[PDB]
């Protein structure tokens, strides 16, 4: 199959203008499609996940135009719930937010739509969301394995008292939050117990407000939503740079800098992954914050032991950065790595061992003891963009690394390797 071999990188230094945030991009696209008015999104991410959402909107009848680089999108709002019948199939690749958000949104009114995706998407749980949507009146059928896509949605979500489990994915709650305002009746969303990936809920609420809707958040345990609302175009909206994509470059500087500055995100960012910079600081790197940039300068790198539930994606970056740190690193409370693009705890543990680390793959944590020196490995990427980007960092050592299926990074960052190369220096 395809592979890319990265030669050793002696030092990293420079500036990266970040691609748009995937989390913000797909939420903004769905809200813009539901809203009244024309929304112009700028700095929109062009990646597989966004392309699947755009293809879904096209299939649903939403009109929009894209600039040549596909980063500017003018969306003609539908002015209400999107509709389609005839069991129209929407293929969503392995786009989590698109699948979860559309599964909820397309339950408004009457529809007859089927949501599906790549083989792995059919292994990513959606039962907690279906349970909540049904409590609100939705008619949903599992076409294959119970609790997983594909789903046939036949509408009927009207609102009311809805319970939702927030212990496996915050995406179910996000999906319900964006949908409930348009339901005819008021909705009270009660979180059953724990809520993981909490920062992403803040991203959802931020976008909802930008599009004219607010709800009552009672300490993240209950959300009171008024029904009969309408989303309104915010005019020209700037999509923040991707803080998860930034993690690789900031980590690269913490390991082999130099100073690397990423632009497009800053201290005011709504994304929880900007907190990744705080972890690098705890490890010994120096961080500089700006209004539209975050920079990291090499200091030292010491192992850490911390709960990473608040930054599940960027936390993967710490797992490979740990290869360069002094001591044993432990990342805890990351059980849901197991139900994402691949089972990331199994994948990360497996590939880290290939380059020489001693790794304990815990049920919901990972413990990494780096080797005195890394060795060459051909890294399997599990159709997971982040496995490829995380392991690209192995090249910040004396050894090259070969990354299988490098194009899997296109899920959220098509130009990843060219960008890493941009800050890679020989001296």
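Residue numbers count along the first chain shown, from 1.
key: Between the two ranges 160-168 and 266-274, the one averaging a larger CA B factor in the entry   = Per the deposited B-factors, the answer is 160-168.
message = Per the record, averaged over C-alpha atoms, which has the higher B-factor: 401-409 or 9-17?
response = It is 9-17.
query = Of 86, 312, 149, 356, which one's C-alpha B factor is largest in the deposited record?
reply = Across 86, 312, 149, 356, the entry lists the biggest C-alpha B-factor for 86.
request  = Pick out which of 190, 344, 332, 120 has the highest C-alpha B-factor in the PDB entry.
outcome  = So the option with the highest C-alpha B-factor is 190.
ask   = With respect to C-alpha B-factor, does residue 420 fall in the lowest, middle or highest third of the chain as deposited?
value = Its C-alpha B-factor, which the entry lists for residue 420, ranks in the lowest third among residues of this chain.
task = Could you tell me which third, lowest, middle or highest, the C-alpha B-factor of residue 197 occupies within its chain?
result = Middle third - that is where residue 197 ends up once the chain's C-alpha B-factors are sorted.
request  = Tell me, lowest, middle or highest third: where does the Cα B factor of residue 231 rank within its chain?
outcome  = It belongs to the middle third of the chain when residues are ordered by C-alpha B-factor.
task = Taking the values exactly as deposited, rank residue 27 by C-alpha B-factor within its chain and report the matching third: lowest, middle or highest.
result = As the PDB entry reports it, the C-alpha B-factor of residue 27 lands in the lowest third of its chain.
key: Position of residue 248 among the chain's modelled residues by C-alpha B-factor, lowest, middle or highest third   = For residue 248, whose C-alpha B-factor we compare with every modelled residue in the chain, the answer is the lowest third.
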